[PDB]
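Quick note: the coordinates plus some simple rules give every number you see, no bench work behind them. Cβ sites come from the backbone with ideal geometry, for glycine too, and all protein chains shown count toward neighbours.
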Amino acid sequence: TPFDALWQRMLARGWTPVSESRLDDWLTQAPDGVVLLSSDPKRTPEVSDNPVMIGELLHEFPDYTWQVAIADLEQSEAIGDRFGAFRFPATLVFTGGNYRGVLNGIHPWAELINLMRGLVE
């Protein structure tokens with residue numbers, strides 16, 4: 001399937017799978033982290049690019065001890081519903097164990113970095 005490919009692509013980066021039921025536990029052991037929420041790559045082939053970007057965007061803020069989490073299709077909807085994220089691909093941002101916001105949509109790389117600063121600062 002297409003998503004299975006993406007999922008393996010992310011697993012290879014070492015990112016950890018997470019379910020809504022365990023998110024809080026993961027969060028407590030990752031004060032500075034990011035949760036990637038995805039949709040079916042078939043419906044929107046843009047969900048495939050999101051991952052690669054986020055990877056880069058992260059090392060743009062070394063000040064944090066970033067940890068990446070990924071949710072499958074079902075869990076992404078679960079977690080999303082809990083945070084009001086109804087625009088996938090989405091990325092939940094957490095700093096110091098605190099939810100700062102969500103990066104949704106697709107913007108130029110320069111438009112992304114500044115959007116993050118508005119979340120972690």
*Across region 61-71, what is the total count of residues that are surrounded by 13 or more Cβ atoms within 10 Å (Cβ to Cβ) and either among the polar types (S, T, N, Q) or over 15 Å from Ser39 (Cβ atoms) (or both)?*
6
*Could you figure out which of (1) over 15 Å from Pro17 (Cα atoms); (2) loosely packed, with under 14 Cβ neighbours inside 10 Å; (3) not aromatic (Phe, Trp, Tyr) isn't true of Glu74?*
(1)
*Return the residue satisfying two criteria in turn: it lies in region 1-43 and is of a type in the set (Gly, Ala, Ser) and touching a residue at least 60 places away in the same chain (Cβ under 8 Å), and of such residues it is nearest to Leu119 (Cα to Cα).*
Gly33
*Enumeration of residues in region 58-110 that are on the phi > 0 side of the Ramachandran plot and touching a strand residue (DSSP E or B) at 6+ places or on another chain (Cβ under 6 Å)*: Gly101
_Against the definition (surrounded by 18 or more Cβ atoms within 10 Å (Cβ to Cβ) and outside any loop (DSSP other than H, G, I, E, B)), how does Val93 come out, yes or no?_
yes
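Residue by residue, here is whether (1) among the aliphatic types (A, V, I, L, M); (2) surrounded by fewer than 14 Cβ atoms within 10 Å (Cβ to Cβ) holds:
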residue: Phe3; (1), (2): no, no
residue: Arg22; (1), (2): no, yes
residue: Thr28; (1), (2): no, yes
residue: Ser48; (1), (2): no, no
residue: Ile54; (1), (2): yes, no
residue: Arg82; (1), (2): no, yes
residue: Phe88; (1), (2): no, no
residue: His107; (1), (2): no, yes
residue: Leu112; (1), (2): yes, no
*Output for region 75-116, where each listed residue is charged (D, E, K, R) and either in contact (Cβ under 8 Å) with a residue 40 or more places away in the chain or closer than 16 Å to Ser38 by Cβ (or both)*: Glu77, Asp81, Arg82, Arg87
